[PDB]
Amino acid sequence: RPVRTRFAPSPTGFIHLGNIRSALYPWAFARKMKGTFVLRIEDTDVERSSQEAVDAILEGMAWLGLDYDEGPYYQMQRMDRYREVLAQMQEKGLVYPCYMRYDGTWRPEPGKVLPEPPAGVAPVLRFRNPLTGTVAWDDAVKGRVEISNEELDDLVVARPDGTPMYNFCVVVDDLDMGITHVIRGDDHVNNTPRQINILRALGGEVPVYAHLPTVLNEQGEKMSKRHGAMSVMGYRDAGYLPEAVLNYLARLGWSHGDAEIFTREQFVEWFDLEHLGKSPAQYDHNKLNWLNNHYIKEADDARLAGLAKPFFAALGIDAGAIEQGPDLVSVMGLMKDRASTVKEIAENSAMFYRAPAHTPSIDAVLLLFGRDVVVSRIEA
């Protein structure tokens, strides 16, 4: 059956390379298998979610060409659906009210006597998790994982006001959206057994899970905002081209023999879960810089010119001063070859737009400065 993957970010306000890699891989797996890639926004923690955060996710995804086939589906807009499933579960006895790990004191069982519910209390609803046996899956990354159901408990699926809880919302979404493959950070591995049990109890087919190892920073710690990570659009703002960041990130957790340089289309054609790395990958800004230099040489000069404009401003060089100065498109072609970033292009090129206080072939340089400008500057 056709593949259906998803990217289901919680919008907490900051996205680094590690985060957007968890979009890249399910996108690539869907495109490789001619399947569907779904976008879901996990906003049920209203305290730690915002519209700004959502637009930044959409902007980073678009910058990297991670187009999605369905969505964005917002969990906070699916509360009627979640409530409907909870009512069905209660009718079928798959969830029960609790009126106080949890020890199942309020779990109904044939033969067991339950107390009368305390008159003053709105119960929480809990899922009837299996008490015997084990929950196991063949993780595409981690291999066979197996957990005793005795170690799990009867998950709260709804608060006393009836609001559904996070893990339950995930399962309903994965069911409703027909998800076949769940590729996500291994920081979610512990939620997997409880999700599997609910999904199965609801009648679904359990997807294939692939839990990605952490991404490390250059200090060998987990890449994170607190550890000084740059944001995805921070890379753009520092002069990195999207095609470079895409090629770099693809290889930060996945391999295909010796290959290091490849297009998006070739990545899609090659991508496979079997060659996801099984241990953490480590960021290396020198490697990213090499690739960015490579792609800068390859980039169209008029494109580079437009990307360069905000870096010239940062150097006290103005739109008007550029139009009046040497042709920027020609300047880009002449100066880009040594640059690791678009910012460096602009810095190396500022000499064409600054009053004189390092140069390519004298003749090309003179041609781009007008006749009038070269003539006068000599005489003095």
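The first residue of the sequence shown is number 1, and the count goes up from there.
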query: Between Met100 and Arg101 - deposited residues without coordinates, as a size class; finding: 10 or more
query: Greater mean Cα temperature factor according to the PDB record, 110-118 or 264-272; finding: 110-118
query: Of 179-187 and 157-165, the one with larger mean CA B-factor; finding: 157-165
query: Highest-ranked of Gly320, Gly60, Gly35, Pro26 once sorted by CA temperature factor in the record; finding: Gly320
query: Given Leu64, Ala56, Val331, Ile41, the residue at which the Cα B factor reaches its maximum; finding: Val331
query: Cα B factor band for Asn247 (lowest, middle or highest third within the chain); finding: lowest
query: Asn292 - which third its CA temperature factor falls in, relative to the rest of the chain; finding: lowest
query: Chain thirds of CA B-factor: placement of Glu298; finding: middle
query: Within-chain third of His256 by Cα B-factor, per the entry; finding: middle
query: Third assignment of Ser10 from its chain's C-alpha B-factors; finding: middle
